[PDB]
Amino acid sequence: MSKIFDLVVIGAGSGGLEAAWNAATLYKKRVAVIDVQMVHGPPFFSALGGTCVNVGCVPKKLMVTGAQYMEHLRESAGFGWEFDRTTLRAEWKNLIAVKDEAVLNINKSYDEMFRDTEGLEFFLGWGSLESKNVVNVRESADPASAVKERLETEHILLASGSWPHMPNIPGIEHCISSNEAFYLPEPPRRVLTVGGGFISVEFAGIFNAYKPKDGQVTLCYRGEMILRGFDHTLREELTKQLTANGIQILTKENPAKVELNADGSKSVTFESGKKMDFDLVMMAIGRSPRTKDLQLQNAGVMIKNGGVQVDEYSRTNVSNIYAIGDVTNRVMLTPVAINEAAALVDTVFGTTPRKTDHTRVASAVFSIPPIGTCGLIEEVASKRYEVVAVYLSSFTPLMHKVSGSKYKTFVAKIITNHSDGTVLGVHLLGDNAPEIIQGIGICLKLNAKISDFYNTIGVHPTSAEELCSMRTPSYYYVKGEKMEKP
C-alpha cells in the first residue's frame, strides 16, 4: 500500500538482523536495515553485525580463549610436559590480527546476505525519525547533516543497542572503554579496569595473560565486592582465585580524577586519597541504551529510565513503532535480543502474538575461572518465598589436585523453593561452567525440582555430575531469616 517499505530497522545488530531476516524470508516483507559502518573498527567500532560480533561476544571469547592458554601452559608441567619455559612469551599483535580476520569474515558474510536476499536492503548511515512513518538516513549523527536517503515505511523497529557509559569525572578523556581495548597495539604493563561488572572482570583476565615483563593488572570497584548481582559465594571465591593469579583487586575505592603525567603515564587519585600510576585506564562501569541520535520526539516515543519503554510484546507507546534488544534496557544479552526480534515479527506480521520470557535466562561470565548461572540468587528468592533451601557443594576438580592450581575450587550451588522442591536457581564457578549451565537452563524451563536432579545418574568422572549428588540442604531461609536443622 502507500509507504515504500514495510519495516525499517535502525541498527543491524543481533536483534535487528534477526528481525529483518524473518520478515523478508518468513513473511515476504520489504525490509530496510540501516547501520553506520560496513566493517568493524574505529571510528564507530560497531558495524554490520552489531556489538556482539564487532566489539563483544565474538572477539572477547577468542581473546579469553587465548588468555586461558597461560593456564594450560603452566598446568601441563603437572602432567609431565616439558619445554624451555624461559622462551615463553605472548604475542599480543598476533591475537589482535587473528581476531580482526575472524570478525571481518563475519562482516562480509552479512554483506553477501543482503546482496542475495530479495526484499532485504541495507543502507549505510545514521538513521533517525522524521515522523512516525518516515525514517531519514544521514551522513552523520548530527541532525543537521545531509540526508542520504528518506525511507517511507509502515512499521519502524528501534534496535540501536547500547554504548559504554563514561562517568563525568576530571580526566575522563585520558581513559578508554571496552571499545578501544579491542584495538590496542601493545598490551599495557600497568592497567586499571574501573568497574566490578563482567566486562571489567573478563578484560582483567585478558590483560593478565598478555601483560609484559613487569606488568600488573589492577581492578577497582566502588562497592564491597565484585560482580554485584551474582551469588555471594561465587563473588567471594572468584575474588580469591583472581587474586591468586596475580590480579590486584581494590574494592571500596573510587576514582576522583585522572591526570596525564608528562611521560604519558596516567595518575589516578581515589576519593580515599590514594594515588596510583597506570599506563592505561579503562572504564567498564556500565552501558547505556543509544536513544539520543534517534530523534524520538518527532514521533513522541516515550523513554523511561534511559531506554525506550515497551510492553511485554516489545511495542512502544506509539502505534507501529517497536523496540528490542539493549535499547529497551531489559536483559542486555544477544540471545535475548534475538528471541525478542523473532517474537515481535510474529506478533506483527504473523497470526499469533508471541513474547519473550525474560525469566530463567542462563548466562555466563568468561572470567578465569568462569561462571555459569541460571535463576535467582538466594537473596532475592528469600524475599519472594517464605521457605527457601540452599544446597552447596565445593570441591577440587580431579585434574587440579595434580595440576598445581590447588586454589581452583569448583563451587556448585542449587537453591530451591523448599515448600515443593522447585529449583529457583543454579550457580557455578569453575572450568566449563558456561557449557554445563546450558543444559540446566532447559531443566528450569521444565520446572525441575531438586529430586529431579539427584534422581539422575551422573556421568563419571566430570564436574557436572556433582549437581546430581546434592540431596540435603546446607541451610534454609525462613521468612528471610537464616536457619538450620539441629
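Residue numbers run from 1 along the displayed sequence.
In this entry, the higher average B-factor at the C-alpha atoms falls on 84 to 92, of the pair 84 to 92 and 101 to 109.
Stretch comparison (361 to 369 versus 184 to 192) by mean CA B-factor in the PDB entry places 184 to 192 on top.
The maximum CA B-factor among the listed residues 409, 291, 319, 352, taken from the PDB record, is found at 352. In the PDB entry, the Cα temperature factor peaks, among 128, 133, 393, 347, at 393. In this PDB entry, the Cα temperature factor of residue 60 sits in the bottom third of its chain's modelled residues, the lowest group. Ranked by C-alpha B-factor against the other modelled residues of its chain, residue 230 falls in the lowest third. Sort the modelled residues of the chain by CA B factor and residue 264 lands in the highest third. Ranked against the other modelled residues of its chain, the C-alpha B-factor of residue 117 as given in the entry falls in the highest third. Among the modelled residues of its chain, residue 154 has a C-alpha B-factor that falls in the middle third, as given in the PDB entry.
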